[PDB]
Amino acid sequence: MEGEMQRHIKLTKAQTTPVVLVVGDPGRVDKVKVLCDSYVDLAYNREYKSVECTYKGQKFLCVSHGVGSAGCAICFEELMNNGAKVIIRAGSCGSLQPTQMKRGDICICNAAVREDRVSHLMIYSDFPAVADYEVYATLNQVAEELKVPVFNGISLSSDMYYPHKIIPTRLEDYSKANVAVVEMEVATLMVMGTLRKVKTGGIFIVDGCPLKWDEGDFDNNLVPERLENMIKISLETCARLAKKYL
């Protein structure tokens, strides 16, 4: 008898909770778990590190997915294979509204620009990348109760981090179209969610200013403390939803 695991994340159905918090950095999993009530280390294969969190009485996984849409898609498909019903991406982003949203600001995302490939391999470009509206609402509610100021908006999910010389990026064009922030994974998660009837959402902390003006600190110590707040919102939200899902 074997524990029958998913190929890449190496988790079984039985280890997989209804609710899963996903992060990009495997190093983020260890930081998240220290803020929980208790945890159980599960698996660490490739970039896919898995813990069971207990937080505010509730069990849910935290799982790292790596950088970028194709790599994270493998994580997300395998979690959904294992029965996940709710997946929330918690991460860093760049601000596309640099006068309004600065380093440290937190953005809760209802939808995303699909500048990947894998979503297009699932379904036609016309199809919207959209959060589940209960998951989005819950993140907002929790942030309000914790008195943590948040922005809401669309994310640009772009497979390109480093620009080349020949053709422009769409960072400015999407800023003009009122897209809030930019990162690399949430469109892929949202589309796959809708397609597989798994509820998804996204919360992000601004740690990058890819347009222009401002700041610092270089990174990824992100920012402290504003970072803690975003993680707490994430954990509180995951707990509230795992209650729905017993």
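Residue numbers here begin at 1 and follow the sequence given.
Could you check the entry and say whether 186-194 or 201-209 has the higher mean CA B-factor? Looking at the recorded C-alpha B-factors, 201-209 comes out higher on average.
Report the stretch with the higher mean CA temperature factor, choosing between 92-100 and 119-127 on the basis of the entry. Comparing 92-100 with 119-127, the higher average CA B-factor belongs to 92-100.
In the PDB entry, which of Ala70, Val179, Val34, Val63 has its C-alpha at the highest B-factor? Of the options given, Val34 has the highest CA B-factor in the PDB entry.
Can you tell me which of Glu77, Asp159, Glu145, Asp173 has the highest Cα temperature factor in the record? Out of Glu77, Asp159, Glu145, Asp173, the record gives the largest C-alpha B-factor to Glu145.
Which third, lowest, middle or highest, does the C-alpha temperature factor of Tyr55 belong to within its own chain? For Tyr55, whose C-alpha B-factor we compare with every modelled residue in the chain, the answer is the highest third.
CA B-factor placement of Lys85, once the chain's modelled residues are sorted into thirds: Its C-alpha B-factor, which the entry lists for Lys85, ranks in the middle third among residues of this chain.
By the record's CA B-factor, is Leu11 among the lowest, middle or highest third of residues in the chain? It falls in the middle third of the chain.
In terms of the CA temperature factor given in the entry, to which third of its chain does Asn152 belong: lowest, middle or highest? Within its chain, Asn152 is a highest-third residue by C-alpha B-factor, going by the deposited values.
Compare the C-alpha B factor of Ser38 with those of the other modelled residues in its chain, then answer lowest, middle or highest third. Top third by C-alpha B-factor.
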